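Engineer: Just the first chains of my complex for now:
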Amino acid sequence: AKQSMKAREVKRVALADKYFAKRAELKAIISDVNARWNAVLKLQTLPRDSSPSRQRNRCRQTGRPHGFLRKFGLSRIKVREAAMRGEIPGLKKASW
Amino acid sequence: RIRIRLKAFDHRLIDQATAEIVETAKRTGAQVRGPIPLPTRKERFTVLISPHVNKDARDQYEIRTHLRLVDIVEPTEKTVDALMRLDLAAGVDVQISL
């Protein structure tokens, strides 16, 4: 799916792990009720691509943005293909 | 005292594992409260089957997780150890903790 689009996704994940989850304290430790200065808020010149809420969560095989399932990491139609051939343990057509 | 609960995706395999766990504990120990079924978890999924439009055409799947509980009330020591190195598991998850 437009290999460049998948390239963006991998770069976004790498940047997010590099910068945030360690500089996430920047918006947590300081942006609270200390007693303040705004210097911390203005210290958001980070790449802006490190924000975890900026990744699209694409399908692992095809890479389409829509119809995604978190449990399997695949889009709806790749899930159905794998389910019919086996692959996904314990998954079978449901009736009740 | 020491509890064993097993998780698997099919009952035919979970029951075999419990029978093995119970019998070995009896052989190397005593008592055993016996396997306890505990409720089964049914996770459902619903997905469109057409690559394009056709919203009303979709399949429904489920994953059924089976659970069991053993509980040996008083390890005879010769028990606990043997409870180890007795995996013979190929799809059944065993957590050894109390």
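Structural biologist: Noted; the coordinates are in hand. Residues are numbered from 1 along each chain as shown, chains lettered A, B, ... in the order given.

Engineer: Output the set of residues of chain A in proximity to chain B.
Structural biologist: Within reach of chain B by C-beta under 8 Å from any C-beta of the partner chain, chain A has these residues: A:67, A:69, A:71, A:76-77, A:79-80, A:83, A:89-95. (Each C-beta comes from the backbone N, C-alpha and C, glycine too.)

Engineer: Filter those down to just the ones in strands.
Structural biologist: Judged by DSSP state E, the residues of chain A next to chain B include A:69, A:91, A:92, A:93 as members of strands.

Engineer: Find the residue closest to the first one in space, skipping its chain neighbours.
Structural biologist: With C-beta to C-beta, 6 or more residues apart in numbering or on different chains as the measure, residue A:79 is the residue that lies nearest to residue A:69, at 6.0 Å, once sequence neighbours are left out.

Engineer: Contact partners for that neighbour?
Structural biologist: Residues in contact with residue A:79 (C-beta atoms under 8 Å, 6 or more residues apart in numbering or on different chains) are A:69, A:72, A:88, B:45, B:47.

Engineer: which ones are touching whichever residue of chain B sits closest to chain A?
Structural biologist: Proximity of chain B to chain A (C-beta to the nearest C-beta) peaks at residue B:9, 3.2 Å away. Contacts for residue B:9 (C-beta under 8 Å, 6+ apart) come out as A:89, A:90, B:63, B:64, B:65, B:66, B:91.

Engineer: throw chain C on there as well:
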Amino acid sequence: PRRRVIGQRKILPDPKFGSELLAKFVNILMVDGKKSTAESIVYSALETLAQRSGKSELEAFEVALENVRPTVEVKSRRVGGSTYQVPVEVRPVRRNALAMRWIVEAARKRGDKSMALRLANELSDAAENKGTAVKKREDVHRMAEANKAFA
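Structural biologist: Placing chain C onto the earlier chains gives this:
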């Protein structure tokens, strides 16, 4: 109904007076699945009617029905190539079913304060056969006998 003649679904009797007929009446009046609300409305109207006309609950109720029960109705049986309105006899069960439906329709159309008051007034008039429900029966009977030529 094309292939399969079917049976019948039984209904419980009224909890107060224990009559199937009154149980059906509350069902017809029941709106939206709120049976308890319908039961309250019916009982309030009946006790009011009994006070108005003496008698008793069930017997006073029956008197109202007997004045609105139809006996004959028209039914299109365009068989010859043109539509005719052949009068036809009404089954005993369909009689009171139509009567109860007409009474409820008239009461809802009546502009009083409470539904219980509306119902009490409507079937109290039907006891003397001056109400709107009685009027509809007259129209049905009158239309049928006009088309008496067909049978």
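
Engineer: Re-run the earlier check on the contacts of residue A:79 with chain C in the model.
Structural biologist: Applying C-beta under 8 Å, 6+ apart, the residues contacting residue A:79 are A:69, A:72, A:88, B:45, B:47.

Engineer: CA atoms only for the helix or strand harbouring residue B:59, dumped as CSV, please.
Structural biologist: In this structure, residue B:59 sits in strand B:58-69 according to DSSP states H and E. Extracted in CSV, the C-alpha atoms of strand B:58-69 (Å, rounded to 0.1, in the frame of the first residue of the first chain):
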residue,chain,number,x,y,z
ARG,B,58,-20.2,-10.5,7.0
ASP,B,59,-18.9,-13.5,9.0
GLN,B,60,-18.9,-14.0,12.7
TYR,B,61,-16.1,-15.9,14.5
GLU,B,62,-15.3,-16.7,18.1
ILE,B,63,-12.3,-17.9,20.2
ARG,B,64,-13.4,-20.1,23.1
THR,B,65,-11.0,-20.2,26.0
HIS,B,66,-11.4,-23.1,28.4
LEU,B,67,-10.2,-22.9,32.0
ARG,B,68,-9.6,-25.4,34.8
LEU,B,69,-8.5,-25.4,38.4
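
Engineer: Which residues does the next helix-or-strand element following it contact?
Structural biologist: Next in sequence after strand B:58-69, counting helices and strands by DSSP H and E, comes helix B:80-83. Residues outside helix B:80-83 that contact it (C-beta under 8 Å, 6+ apart): B:2, B:4, B:21, B:24, B:25, B:28, B:72, B:75, B:96.

Engineer: one more chain, chain D:
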Amino acid sequence: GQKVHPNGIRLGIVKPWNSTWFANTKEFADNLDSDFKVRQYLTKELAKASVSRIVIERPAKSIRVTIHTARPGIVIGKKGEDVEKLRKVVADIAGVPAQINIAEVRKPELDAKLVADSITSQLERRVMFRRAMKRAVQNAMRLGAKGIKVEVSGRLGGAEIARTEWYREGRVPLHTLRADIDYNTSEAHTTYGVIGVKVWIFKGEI
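Structural biologist: Adding chain D to what we have so far:
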């Protein structure tokens, strides 16, 4: 497209699963991706070894991988020269210690995957599609296999209009869940485009 997948509908009745591990939601997606990575590498590498199916299971933070093949000697190679190389790469891809097993397939012409890819290879070699289908059905019935059935599709013989041209023999009770059907598919890449191949093989009733 109006028929259910014959393999998928029988997963809990007669047919087994191709993957037999347990996982929680945390690692369920990762295991699926790992299984996909190993299968695609392994199937690509063993293209000429006539691989029927790859079965993966993950006991105690390991990976086993069983290969059903009709030419095990080639898969194994001299002593263990080739199998060990496969194990090293599989372990690398999975990130965990990897075992490896080889199961030979008696009667290769009773396995739909081997039948389907045999037809596919012939089509890419410019063999008459009708002859390829006739041969597959004939020799499948010759060894039991009460219900062979085959089907092709798309630009048959280089035609400008696509065509299906299926062909069966015996009985193939697709509506009987109890029946043991061995359906599979394959795909050819002729010079005029793509040709799809489907095979159903029916066996004992249970």
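
Engineer: Chain D added, so what about the contacts of residue B:9 now?
Structural biologist: Residues in contact with residue B:9, defined by C-beta under 8 Å, 6+ apart, are A:89, A:90, B:63, B:64, B:65, B:66, B:91, D:22.

Engineer: Just the closest of those to residue C:37, please.
Structural biologist: Among the contacts of residue B:9, residue B:64 lies closest to residue C:37 (C-beta to C-beta), at 43.3 Å.

Engineer: Name whatever forms a beta bridge with the closest one.
Structural biologist: Taking DSSP bridges as the rule, residue B:64 bridges to residue B:42.

Engineer: and the closest residue to chain B within chain C, what are its phi and psi?
Structural biologist: Residue of chain C nearest chain B, by C-beta to the nearest C-beta: residue C:2 (28.2 Å). With angles defined as degrees, to the nearest 10, residue C:2 sits at phi -70, psi -50.

Engineer: So what's the residue count around it?
Structural biologist: For residue C:2, the neighbour count with other C-beta atoms under 10 Å in any protein chain shown is 3.

Engineer: same thing with the one 10 residues further on?
Structural biologist: Applying the criterion other C-beta under 10 Å, we find 8 residues in the vicinity of residue C:12.

Engineer: Over to it. Which of the three states is it?
Structural biologist: Assigned by DSSP: H, G, I helix; E, B strand; the rest coil, the conformation of residue C:12 is coil.
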